[PDB]
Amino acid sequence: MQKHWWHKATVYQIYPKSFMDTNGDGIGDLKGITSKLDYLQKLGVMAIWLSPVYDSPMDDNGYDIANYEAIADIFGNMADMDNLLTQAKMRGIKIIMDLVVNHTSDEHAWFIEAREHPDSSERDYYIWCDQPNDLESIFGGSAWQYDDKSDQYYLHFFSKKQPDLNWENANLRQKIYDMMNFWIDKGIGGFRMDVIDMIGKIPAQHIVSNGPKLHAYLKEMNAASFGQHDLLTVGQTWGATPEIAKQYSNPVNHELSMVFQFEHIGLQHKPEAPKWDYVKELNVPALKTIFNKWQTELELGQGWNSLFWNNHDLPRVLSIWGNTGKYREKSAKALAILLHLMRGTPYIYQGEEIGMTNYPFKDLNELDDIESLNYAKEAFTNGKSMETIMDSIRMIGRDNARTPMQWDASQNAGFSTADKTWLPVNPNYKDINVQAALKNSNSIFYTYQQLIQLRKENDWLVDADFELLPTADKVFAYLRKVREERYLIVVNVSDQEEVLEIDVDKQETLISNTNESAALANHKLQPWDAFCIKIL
């Protein structure tokens, strides 16, 4: 397998509204990010996945873009973006921009012209229909919005203010590529592609994800933009299987570097049940099956895995799968160790490295996310009390991932000087903040730092295979093997003491959140015990 820079990289996701505010409007901005670049360099990440900072009415907080080549006023201006690029560059960090091209804002020039002049070219940049089908929006209701003026429905798989782009239109695709090249020329490190597996959609045939033209489109995109360069491209692919992932990430296909798959995320809810009907306890054997499948199927020189627990769309991993009480730190370290020592590119969401958690939202009025609010509006009329709804949202709502980054124990956790922040700061900031984590030599932060440096400095994290070991249900254990080198990873994914009936010759300890020697000797694991040891 040909090696690229990003094979040694760890990616850090920044949610711009919630990272750092430098002008007291209670909203994060570019200058804040740039101001915290040294912190990010100390962590050791090689790239920043920056969630959208483009011009946007913020109805889906950036993922409804009105101008792909302008910065939203709330984040600053283009000068701030350039400065972010240059400073990050100076600190050895690349910027990965969020590419959102399945849809635009309804306030994009293209759609405004599409409505103004129905005979214009950009009218066909979108998907118009006289006779709509039963396709639903992801945010509830019909995926077809009737337009009084032109008397046609336009397609939107998300919000009504996010009309879908017509990817059957080659001119539209071309303008997308022009824009992508605009950003490539500015010196970005790559693209994260929002719901990219949807661009092959054929709504008339009820085809949404994994459409027949999808990979042709991705090949065309590659050829027309980032292909010649040496960038990291990661696609968000809800409907991805390991085979489809092979199609995406095998370099000979000339498409993407890797994709985000969500099979493990599916364990956060019951099969075929809405995500709001959340699962209470992590099914560790199920996770074993899923992770093992993705590790073994995506062989080397055949595809590349992405590794993540959580993002701006998901609950923080501690709240849904970890421990938020007595074993918060230890469980956080355990999950970090478990994920990062597999093969692939790991992604750290902001605050994950200090063990931030979900927020205890009290009512709908505190919420911002359109998905949660729409869900609430529908659920309240279909037999669910507001408290039930708020419970589900408290566990699964996207706003849980979007509370302000917790930097210290000062006002608003040092995120802002404003009286109020756009989302409330979690009260646990007095115990859970960056300053305290940096001060604590054995904090979650330094576990993440160690993992990152391990990946940066050791080829076996890339080269070695994966073998799942037969263990107790809640014990996640595997071997990474390369040449004669054997690396054992053991993680007790539970609040309970578990048995460890293996006998090995420990050569050395690479990382551990506990007494690995005592665990091996007594053949038992304390709750959330996690270590990696090189064995004979």
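Note that residue numbering begins at 1 and tracks the sequence as displayed.
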Please compare 358 to 366 with 267 to 275 and name the stretch with the higher mean C-alpha B-factor in the deposited structure. 267 to 275
On average, which has the higher Cα B-factor in the deposited entry, 151 to 159 or 280 to 288? 280 to 288
Maximum C-alpha temperature factor, selected from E352, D164, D399, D134: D134
Which has the highest CA B-factor per the PDB entry: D313, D194, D119, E255? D119
Can you tell me which third, lowest, middle or highest, the CA B-factor of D178 falls into for its chain? middle
Using only modelled residues of the chain, where does the Cα B factor of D64 rank: lowest third, middle third or highest third? lowest
Based on the deposited C-alpha B factors for this chain, I'd like to know if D82 is in the lowest, middle or highest third. middle
What third of the chain does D106 rank in for C-alpha temperature factor, lowest, middle or highest? middle
Can you work out whether the C-alpha temperature factor of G141 puts it in the lowest, middle or highest third of the chain? middle
